[PDB]
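Before any comments, here is the structure.
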Amino acid sequence: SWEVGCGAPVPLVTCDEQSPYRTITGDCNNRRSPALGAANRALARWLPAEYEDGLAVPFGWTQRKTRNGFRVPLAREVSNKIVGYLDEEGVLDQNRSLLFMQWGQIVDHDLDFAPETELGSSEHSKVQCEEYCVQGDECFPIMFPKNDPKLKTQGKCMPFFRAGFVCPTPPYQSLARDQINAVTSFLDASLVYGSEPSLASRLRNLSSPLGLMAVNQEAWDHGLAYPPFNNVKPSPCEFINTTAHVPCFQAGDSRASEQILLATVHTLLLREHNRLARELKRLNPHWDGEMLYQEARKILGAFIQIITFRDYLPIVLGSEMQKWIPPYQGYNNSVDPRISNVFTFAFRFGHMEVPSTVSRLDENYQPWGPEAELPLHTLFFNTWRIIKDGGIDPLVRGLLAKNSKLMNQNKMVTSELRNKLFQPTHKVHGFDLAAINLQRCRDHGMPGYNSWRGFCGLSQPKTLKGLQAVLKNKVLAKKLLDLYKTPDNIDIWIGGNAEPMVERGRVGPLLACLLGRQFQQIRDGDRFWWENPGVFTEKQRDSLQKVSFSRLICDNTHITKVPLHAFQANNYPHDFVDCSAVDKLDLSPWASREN
Ligand code: HEM
Ligand SMILES: *[C@@H]1O[C@H](CO)[C@@H](O[C@@H]2O[C@H](CO)[C@@H](O[C@@H]3O[C@H](CO)[C@@H](O)[C@H](O)[C@@H]3O)[C@H](O)[C@H]2NC(C)=O)[C@H](O)[C@H]1NC(C)=O
Ligand SMILES: *[C@@H]1O[C@H](CO)[C@@H](O[C@@H]2O[C@H](CO)[C@@H](O[C@H]3O[C@H](CO)[C@@H](O)[C@H](O)[C@@H]3O)[C@H](O)[C@H]2NC(C)=O)[C@H](O)[C@H]1NC(C)=O
Ligand SMILES: *[C@@H]1O[C@H](CO)[C@@H](O[C@@H]2O[C@H](CO)[C@@H](O[C@H]3O[C@H](CO)[C@@H](O)[C@H](O)[C@@H]3O)[C@H](O)[C@H]2NC(C)=O)[C@H](O)[C@H]1NC(C)=O
Ligand SMILES: *[C@@H]1O[C@H](CO)[C@@H](O[C@@H]2O[C@H](CO)[C@@H](O)[C@H](O)[C@H]2NC(C)=O)[C@H](O)[C@H]1NC(C)=O
Ligand SMILES: [Ca+2]
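Take the working numbering: the last position of the sequence shown gets the number 912, and nothing is skipped along the way.
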């Protein structure tokens with residue numbers, strides 16, 4: 318097979334092995350195979366890639382060719398018939414907050430990214446894709462089926478570009494096509510600190526010896542910080558309201574400004590880096606800026622680890638967790654920490670948890686002003702609503718008080734995501750996230766629903782009656798097969814999502830498995846996982862056990878009323894208490910001494 322080590326990454330990183338700090342790139346975690354889990358390398362393959370030419374060409378590319386003796390259904394046709402719904406009433410999750418959706422997006426963004434193939438600088442390859450919908454090379458258009466209302470308004474297709482691949486980005490051929498993970502595979506708060514040594518520095522305040530991080534100079538949220546602006550024009554954030562002139566935020570992750578609430582938790586995280594950084598110079602005045610940045614970076618890492626695994630995961634995987642993520646037993650140097658290709662489609666389960674509206678509430682948890690409840694589609698790359706319409710305080714209260722959208726077989730993805738999505742480079746408010754997910758499955762060369770079913774050790778449904786038993790839904794299983802013709806061909810995203818949810822959790826049998834395995838691999842294969850003896854001192858761990866997302870809000874906002882359990886559905890005022898009832902993170906054990 319091979320090549321054994323293709324591609325060019327950040328080709329200049331040799332290990333210190335004696336440093337107690339993670340590399341920005343994620344290198345040097347593993348002593349034996351040191352590029353394992355790093356950034357800018359092939360997503361791991363749990364199962365062999367599936368292309369029609371067996372090498373690189375997606376299923377759906379050529380019209381004459383077929384998948385298992387059937388034509389693959391159009392990306393959007395799958396959506397129009399199965400994914401969409403009209404009536405938004407009763408789709409709310411009665412036992413999970415908007416934060417349950419929100420944190421999903423934070424971890425994931427920490428864990429993976431597969432950068433698009435917008436290669437070029439002054440180009441007509443972008444034009445022949447968008448204007449003419451000409452398939453070929455790095456352009457893979459999402460066509461519109463007969464009687465799509467988007468034909469009248471938008472055109473003949475939705476522009477779609479293939480994902481970036483290993484070795485170089487001009488076509489080529491040898492092994493099957495593997496897609497690139499632009500971020501580090503460890504749960505290491507890279508959304509904040511970056512995955513490139515080049516960018517990791519740009520985000521830092523290297524003007525003072527305090528290990529602080531660059532903050533906005535133009536705007537201020539009641540004396541509290543905002544992220545810096547991305548002064549790289551043209552920007553998507555400016556385009557949406559030209560009169561405002563407000564550009565996107567800049568963090569260690571490109572997707573920080575995609576939606577308004579994701580930029581909000583980005584503000585909270587950046588805020589507590591500086592708070593830890595400041596409290597550490599209170600306690601350790603002799604420390605240089607480097608120790609400060611790094612020591613703060615280490616606590617925040619541990620922060621995102623404890624919240625993800627103690628608070629988030631148990632309510633996602635549910636009864637299935639102990640089956641897949643048993644209790645911790647130490648760092649296994651034989652476990653592959655890399656994020657697999659399929660995982661980048663498993664974690665997308667959350668797209669069906671995004672509700673139609675984002676609300677802004679006041680101190681009394683009452684609707685804030687005339688335009689309190691906004692449509693979500695108006696909030697893609699919307700930063701002017703943060704900076705010039707209340708700050709983050711109203712949006713944070715919304716997260717804690719308002720419900721998440723519950724997954725439903727008859728009501729899947731909101732039309733605000735499935736019909737009105739804004740994509741950063743393009744101009745209109747009209748892409749389909751359901752269709753975009755469905756061709757990326759095909760682009761990445763995913764094997765079908767059944768391979769993955771079997772991979773996890775679950776009955777591989779082959780008949781109409783078979784699929785029924787698994788999906789516990791006769792009408793959905795029939796629509797699925799009328800389009801896919803066989804359950805072997807169902808795209809992993811929709812197939813995995815269609816399944817009913819496990820007990821006490823928010824995902825079904827197949828997804829619990831795929832998600833379950835990854836999260837254990839990235840816990841067990843991480844040399845810097847907080848609990849692993851050596852990383853944090855015995856005392857340091859005891860304080861880290863006390864962190865809560867509620868405390869992140871209290872110490873970095875002028876919200877004073879917070880629920881204790883921030884991922885479950887809480888009502889005002891009964892479930893809300895004072896910030897004083899919420900346990901503080903004691904940073905005393907970090908106090909190093911001299912004589
Ligand atoms: C309104 C909120 C959200 C918006 C607007 C949004 C939008 C997007 C878009 C446009 C993509 C690119 C898809 C592609 O081209 O393949 C994406 C990727 C992704 N999203 Fe979301 N998303 C949201 C929330 C979430 C949440 C809450 C989660 C997790 C629970 C999530 C999980 C993911 C994952 C895993 C990817 C692929 C990551 C990778 O690059 O490998 N998203 N999102
Ligand atoms: C483009 O961005 C600007 C903000 O930079 C938006 O303009 C603002 O629009 C609202 C009206 O919807 C104005 O608020 C008004 O004043 C007070 C609150 O400050 C309130 O009592 C009034 O009832 C009213 O809501 C605000 O002054 C105005 N800013 C100015 C002077 O430009 C604009 O709506 C955005 N448009 C788009 C295309 O989204
Ligand atoms: C809504 O979700 C809440 C968050 O999980 C959940 O709170 C959970 O309540 C039970 C208390 O019993 C705990 O789960 C345990 O339940 C039984 C024990 O009687 C066992 O079978 C389970 O294995 C499990 O240990 C959770 O600890 C607790 N969650 C947390 C972390 O606070 C509510 O119960 C849910 N509300 C509804 C709709 O019932
Ligand atoms: C990099 O770090 C610098 C030092 O920590 C920081 O400069 C400080 O900025 C704050 C906030 O803008 C200023 O605090 C306040 O100054 C007066 C107080 O009398 C107020 O009237 C202002 O409203 C302001 O809030 C400090 O004056 C300033 N400190 C120093 C040492 O000059 C930079 O802003 C940081 N730069 C970046 C890009 O992150
Ligand atoms: C560390 O984890 C690895 C991977 O799960 C374990 O390696 C397995 O060892 C079994 C024997 O029990 C072998 O049959 C397999 O070859 C290994 N499995 C895999 C997935 O490769 C190992 O048991 C663990 N080691 C320690 C010390 O905990
Ligand atoms: Ca990471």
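Note that beta-carbon positions come from the ideal geometry of N, C-alpha and C, so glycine has one too.
Tell me whether the beta-carbon of residue i lies closer than 8 Å to the beta-carbon of residue j.
i: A392; j: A752; result: yes
i: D505; j: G343; result: yes
i: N591; j: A517; result: no
i: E820; j: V787; result: no
i: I632; j: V864; result: no
i: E440; j: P764; result: no
i: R384; j: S721; result: no
i: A356; j: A580; result: no
i: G569; j: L520; result: yes
i: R868; j: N346; result: no
i: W810; j: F662; result: yes
i: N767; j: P804; result: yes
i: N658; j: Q496; result: yes
i: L634; j: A829; result: yes
i: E637; j: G813; result: no
i: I703; j: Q835; result: no
i: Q837; j: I621; result: no
i: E596; j: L904; result: yes
i: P654; j: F503; result: yes
i: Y338; j: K615; result: yes
i: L678; j: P684; result: yes
i: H426; j: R572; result: yes
i: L738; j: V879; result: no
Can you look up residue i in the DSSP assignment and give me helix, strand or coil?
i: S350; result: coil
i: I709; result: coil
i: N412; result: strand
i: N736; result: coil
i: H761; result: coil
i: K722; result: strand
i: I876; result: coil
i: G324; result: coil
i: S318; result: coil
i: residue 913; result: Because the chain here runs from 318 to 912, residue 913 falls outside it and cannot be looked at.
i: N849; result: coil
i: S574; result: helix
i: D538; result: strand
i: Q777; result: coil
i: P365; result: coil
i: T803; result: coil
i: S676; result: strand
i: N498; result: strand
i: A689; result: coil
i: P526; result: coil
i: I459; result: strand
Evaluate residue i with the Cβ neighbour count: other Cβ atoms within 10 Å of its Cβ, from every protein chain shown; 16 or more gives buried, anything less gives exposed.
i: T877; result: exposed
i: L832; result: buried
i: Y449; result: exposed
i: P544; result: buried
i: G371; result: exposed
i: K719; result: buried
i: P485; result: exposed
i: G377; result: buried
i: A613; result: buried
i: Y801; result: buried
i: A361; result: buried
So that I know if they touch, is there some Cβ in chain C lying closer than 8 Å to that of residue i?
i: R381; result: Within the model displayed, chain C is absent; a lone protein chain is all it includes.
Does the Cβ of residue i lie closer than 7 Å to at least one heavy atom of ligand 8?
i: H882; result: By its list of ligands, the structure shown excludes ligand 8, since it contains just ligand 1, ligand 2, ligand 3, ligand 4, ligand 5 and ligand 6.
Where in the stretch 381-428 do unbroken runs of the alpha helix (DSSP H), each at least 4 residues long, occur, reported from the N-terminal end onward? DSSP assignment within the stretch 381-428 yields the following whole alpha helix (DSSP H) runs of 4 residues or more, N-terminal first: 392-395, 415-428.
Identify every run of the alpha helix (DSSP H) within the stretch 620-658, keeping only runs that are complete inside it and at least 4 residues long; order them along the chain. Those alpha helix (DSSP H) runs which fall completely within the stretch 620-658 and span 4+ residues are 630-633, 638-641.
If you scan the stretch 467-491 from start to end, which runs of the alpha helix (DSSP H) of 4 or more residues do you find wholly inside it? With a minimum length of 4 residues, the continuous alpha helix (DSSP H) runs that stay inside the stretch 467-491 are 467-470.
If you pair each beta-carbon of the stretch 723-741 with each one of the stretch 666-675, do three or more pairs fall below 8 Å? A contact exists between the stretch 723-741 and the stretch 666-675.
Given 8 Å as the limit, is there contact between the stretch 690-708 and the stretch 846-861, that is, 3 or more CB pairs closer than that? The stretch 846-861 and the stretch 690-708 do not touch, with fewer than three beta-carbon pairs separated by less than 8 Å.
If we count Cβ pairs, one from each stretch, closer than 8 Å, do we get three or more for the stretch 782-797 versus the stretch 418-431? At 8 Å Cβ cutoff, the stretches do not touch.
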